């Protein structure tokens, strides 16, 4: 039957990467894109990418007056800062991919529904009161009554699969997460006033290690309810343009033999071909650039310390392309979500 109609709000890093994957989807049709700039700018950003490859080498991208044309397919372009002004209704838009970073609450995203959209997927955490989905961990909780959902954050899609497998193997008592994270667009190019008042994100991104807060651990309860309230964590932003790593320091309680090898073997048993991969090579961050795993466990860094009485302090580490890993996960979730539309 008819392909599901998809609009993208915000043609940024995530939006353009989701475009690369949705545009090839036979079961979908990208009808419109909205941003804050003209078609030639959007076409050039789509064509050339500093970290994720030269898209123009395999595709023809051409800008029109009010549209872009990719491989013959014409997509209309809008420039509306307020979603209420978007014509989602006349375009019969089924799903809005909300990737602006400016509609991150169920109340804000509701504007898309008011404009005539049927469903909205927010490409970020967007509160404690909406469905937060990590594909292949809890995407099956989605129902027809969910109109606005969150695809969580890049760190949550990396932490969740790993935390779940560990917890299933040896119950987690508590854990502290540290993510060593590529710099992103919400940091400054050089020291300058940050619009949100964050004094550390105001510092030059490419020449600093920058401590930053993250809510990925504290909000793990939305994705893995048995871990609700057990994890806290934070981030260090460092000078790589993409590619990140999550380190979890957990206290686990178990009667089993808890060793580096038994830990690694459980992680390997929990791996799957789409979301959670298993690695034993000495890779570094540039090797995971562009991968489609949401999370890649690194068996080479597993550490274990026996505290006695069935208690252990354990370190498990996994890699993620904060751009493309998240995007591939968000896209899988979108493809599943579409069943509730058509």
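Numbering follows the first chain given and starts at 1.
K.L.:
Between 236-244 and 152-160, name whichever shows the higher mean Cα B factor according to the PDB entry.
P.N.:
Comparing 236-244 with 152-160, the higher mean C-alpha B-factor belongs to 152-160.
K.L.:
According to the deposited model, is the average Cα temperature factor higher in 143-151 or in 97-105?
P.N.:
Looking at the record's C-alpha B-factors, the answer is 143-151.
K.L.:
Comparing recorded Cα B-factors across 111, 250, 207, 210, which one is largest?
P.N.:
Most elevated C-alpha B-factor of the set, per the entry: 111.
K.L.:
Would you check the entry's CA temperature factor for residue 25 and let me know if it's in the chain's lowest, middle or highest third?
P.N.:
Residue 25: CA B-factor falls in the highest third of its chain.
K.L.:
Taking the values exactly as deposited, rank residue 184 by C-alpha B-factor within its chain and report the matching third: lowest, middle or highest.
P.N.:
Lowest third of the chain for residue 184's C-alpha B-factor.
K.L.:
Rank-wise, by C-alpha B-factor, drop residue 31 into the lowest, middle or highest third of its chain.
P.N.:
For residue 31, whose C-alpha B-factor we compare with every modelled residue in the chain, the answer is the highest third.
K.L.:
Which third, lowest, middle or highest, does the CA B-factor of residue 192 fall in along this chain?
P.N.:
Within its chain, residue 192 is a lowest-third residue by C-alpha B-factor, going by the deposited values.
K.L.:
Splitting the chain's C-alpha B-factors into thirds, which one does residue 283 fall into?
P.N.:
Its C-alpha B-factor, which the entry lists for residue 283, ranks in the middle third among residues of this chain.
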